[PDB]
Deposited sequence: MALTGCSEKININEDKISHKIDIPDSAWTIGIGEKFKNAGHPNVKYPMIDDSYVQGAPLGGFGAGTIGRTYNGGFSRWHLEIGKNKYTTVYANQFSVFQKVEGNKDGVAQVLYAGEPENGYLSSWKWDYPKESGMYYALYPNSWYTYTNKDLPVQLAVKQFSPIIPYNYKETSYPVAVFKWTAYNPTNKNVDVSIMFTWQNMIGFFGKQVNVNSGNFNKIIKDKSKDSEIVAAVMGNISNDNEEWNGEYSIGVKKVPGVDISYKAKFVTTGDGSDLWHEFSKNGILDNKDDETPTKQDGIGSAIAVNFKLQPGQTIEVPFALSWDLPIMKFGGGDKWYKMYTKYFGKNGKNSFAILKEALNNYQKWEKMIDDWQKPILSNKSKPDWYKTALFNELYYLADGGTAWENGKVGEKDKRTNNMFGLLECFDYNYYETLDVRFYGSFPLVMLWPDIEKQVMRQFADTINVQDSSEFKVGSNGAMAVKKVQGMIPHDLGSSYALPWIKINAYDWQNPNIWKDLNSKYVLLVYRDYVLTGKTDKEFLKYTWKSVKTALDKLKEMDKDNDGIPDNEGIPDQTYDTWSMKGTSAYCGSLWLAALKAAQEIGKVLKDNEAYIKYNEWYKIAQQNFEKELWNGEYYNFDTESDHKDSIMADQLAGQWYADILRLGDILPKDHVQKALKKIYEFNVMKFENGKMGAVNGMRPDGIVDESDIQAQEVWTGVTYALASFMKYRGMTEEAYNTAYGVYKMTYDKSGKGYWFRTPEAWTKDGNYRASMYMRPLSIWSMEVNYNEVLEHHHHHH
């Protein structure tokens, strides 16, 4: 490996061998079918709302999130980088696809598959990833850095459906070597969203843009139709000419064939026919190829950028709504703009790399933080782009000032912006893209008084219930299978109109967003103030026994949606106390004396009764009325965690919080698989895991990272990082369960999981407040 020296991969990059088999992988631990795409994953490419493409550590373009809200794992075998090399003086060169695998059927049988083991590495530090190729039959060593311009405080480039592939080639030998690198791509129009004749009318064209000192050559892969539909648009791949390289291309090869039309050219001398052909196809799949060829002298290095763009301007949801994706603001809506997006990338990628470096450097250069922590912090952000992210720039047929946004809870539970989850999972948005965060919270504010009297069947008990009650915050903002932003509360396992955490979490999120954007956005507090008051006033009505605290109802009426709480709970009770203190503060900022006085009175009464009802001398009891009411809950003090972040001071005595946190670390962490797997949710005071529900026996990744955050603010530095380390280890480490770029909600003591690709563990960013 002499190529590593020639590029700059950070030490904290996650790394794995190209072609590596992983032995330990976990699987779903639930009864019904659950997504399991295997451990062959990688960092995604694509902006927010663009649709993303997961290129795996083996090289294949395999995890397709181009249909917004859907996860489709299938390798499109024509989509590759390939290399040709010939030592000057030798009769023949060698040609190899850079993919550690081969097609299932006989398509593309002419190409050279099965990139060998122990011949290169994959690295990831999102939004960047790298591959290195160190192969005994490739005398020239190669690496690529790939990325999309995901940039905090930037709402433009961050939206782009584009990826850059910056290649570095180095000749460590004493002979001249001829090298080609070829990017192939299938014309994927009709891959989704087309009911019949999936390739019909697809055609490819070549663009040569020769603006002095800036030749770009690209393929644009589209369809003859000018229709404005979810399926229609264009893909483009291309390359920018640099000194010392020549470009060649082939417009059209058949992907539903043996591939020799292309491969007989490439394998001879690494130079393609430059044959243009815009003939549309009927049944056959087609693709395009772009290649560079160059001679490297001994000791010579060369750098060459390729790019990929996809202009699929319309997203369609299952309920029938069609929306334009955010990036269309910058490139147009007609679906014929892939070349413009590609060109922008090829001409500005250096600038984008520098902008990425500028936002990673403050964390990477901090030598007080261990590498593993850096690995997790950056790579968890994969989910912001990969989470079925929807970001609209107008309804098709319908202009507003705002662009509605949604991030999925996950794909198995297909709900946008699940609020009880986003309480944990929205930290990166508030910290790095706060205009999006504020928009999402205004979306919730606008729903508070919506009343929908139509009925639905509650999954857990079969009872009928009202869809949406006036003054109750919705669970979510719809599903990709139905009508995001339009039909709320897609979730039906429990009735969220009687949840005891949603209204208080809402208020806490409002005040968080004010605090963590510098306590200046008085307009945001004004916009949301009525919804805040309404939310708390409605929750106060659920206090049955007049202790000043809402009563959990002996059913799962909060985020732990199969784990019953009854009476006053530590979890919902602490959130209530914190939310009251937040509303007091807002009342003070907005000079609303009536509200300040009311919420202060409610707070004093509730605080006093919470302490009396739950403090047992060592920790806060789980609740007042359940069978296992004295279980130690990892999340028992969630309200105080948020109160620290919001700078609301002590809602509970310092001495008691410190004792509780130490108890959680001693039991829920250290007595669960020796503290190597996070914080189990529920532990009995005898040191055995609480068995009253599956959720008690799970570690929740987002709960554990948040707990680590809480511990860190309270000066329990070692406990905080040791707690978080188990989540890192299980996700990323060789000794873990292989969940990289699909961090799940939860795992049990055996390491098996529930709900891969989950929003909650984005809470790791709370460790950086």
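K.L.:
Give me the ranges of the deposited sequence that have no CA atoms here, in sequence order.
P.N.:
The deposited sequence has unmodelled segments at 1-14, 413-414, 786-798.
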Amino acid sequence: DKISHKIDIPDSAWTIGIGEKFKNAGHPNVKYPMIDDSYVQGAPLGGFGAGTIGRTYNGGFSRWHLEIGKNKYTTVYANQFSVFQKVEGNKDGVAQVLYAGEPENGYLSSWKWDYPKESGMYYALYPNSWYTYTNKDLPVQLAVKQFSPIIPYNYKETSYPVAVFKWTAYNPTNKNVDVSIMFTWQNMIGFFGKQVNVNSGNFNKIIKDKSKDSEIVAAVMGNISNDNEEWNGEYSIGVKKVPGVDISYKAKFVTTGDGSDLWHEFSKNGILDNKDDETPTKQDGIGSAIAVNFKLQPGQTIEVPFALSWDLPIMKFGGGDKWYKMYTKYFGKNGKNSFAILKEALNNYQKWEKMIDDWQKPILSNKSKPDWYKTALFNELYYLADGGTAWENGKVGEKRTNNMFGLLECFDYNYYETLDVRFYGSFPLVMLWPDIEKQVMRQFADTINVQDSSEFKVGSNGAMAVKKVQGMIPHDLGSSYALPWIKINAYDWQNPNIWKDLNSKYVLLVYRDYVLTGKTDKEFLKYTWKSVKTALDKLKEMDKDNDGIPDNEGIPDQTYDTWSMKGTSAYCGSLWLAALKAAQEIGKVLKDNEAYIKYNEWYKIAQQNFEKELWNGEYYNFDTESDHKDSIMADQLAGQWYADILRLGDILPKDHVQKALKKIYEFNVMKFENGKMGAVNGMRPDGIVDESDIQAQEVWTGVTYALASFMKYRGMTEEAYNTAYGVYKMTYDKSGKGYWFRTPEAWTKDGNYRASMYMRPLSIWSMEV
From here on, numbers count along this sequence of modelled residues.
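K.L.:
Read off the CA B-factors in the entry, average them over 99-107 and over 212-220, and name the higher stretch.
P.N.:
Mean B over CA atoms: larger for 212-220.
K.L.:
Please compare 258-266 with 616-624 and say which has the higher mean C-alpha temperature factor in the record.
P.N.:
Averaging CA B-factors over each stretch, the winner is 616-624.
K.L.:
Going by the deposited entry, which of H27, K31, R55, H65 has the highest CA temperature factor?
P.N.:
Checking the PDB record, the top C-alpha B-factor among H27, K31, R55, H65 is at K31.
K.L.:
If you compare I206, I549, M326, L525, which has the highest Cα B-factor in the entry?
P.N.:
The listed residue with the largest C-alpha B-factor is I549.
K.L.:
Which third, lowest, middle or highest, does the CA B-factor of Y713 fall in along this chain?
P.N.:
As the PDB entry reports it, the C-alpha B-factor of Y713 lands in the highest third of its chain.
K.L.:
Pull the Cα B-factor of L762 out of the PDB entry and bin it into the chain's lowest, middle or highest third.
P.N.:
CA B-factor rank for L762: lowest third.
K.L.:
Test of reading the entry: by CA B factor among the chain's modelled residues, which third contains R422?
P.N.:
Ranked within chain, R422 CA B lands in the lowest tercile.
K.L.:
Considering only modelled residues of the same chain, in which third does the CA B-factor of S574 rank: lowest, middle or highest?
P.N.:
Ranked within chain, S574 CA B lands in the middle tercile.
K.L.:
Just say lowest, middle or highest third for the CA B-factor of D11 relative to the other modelled residues in its chain.
P.N.:
Middle third - that is where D11 ends up once the chain's C-alpha B-factors are sorted.
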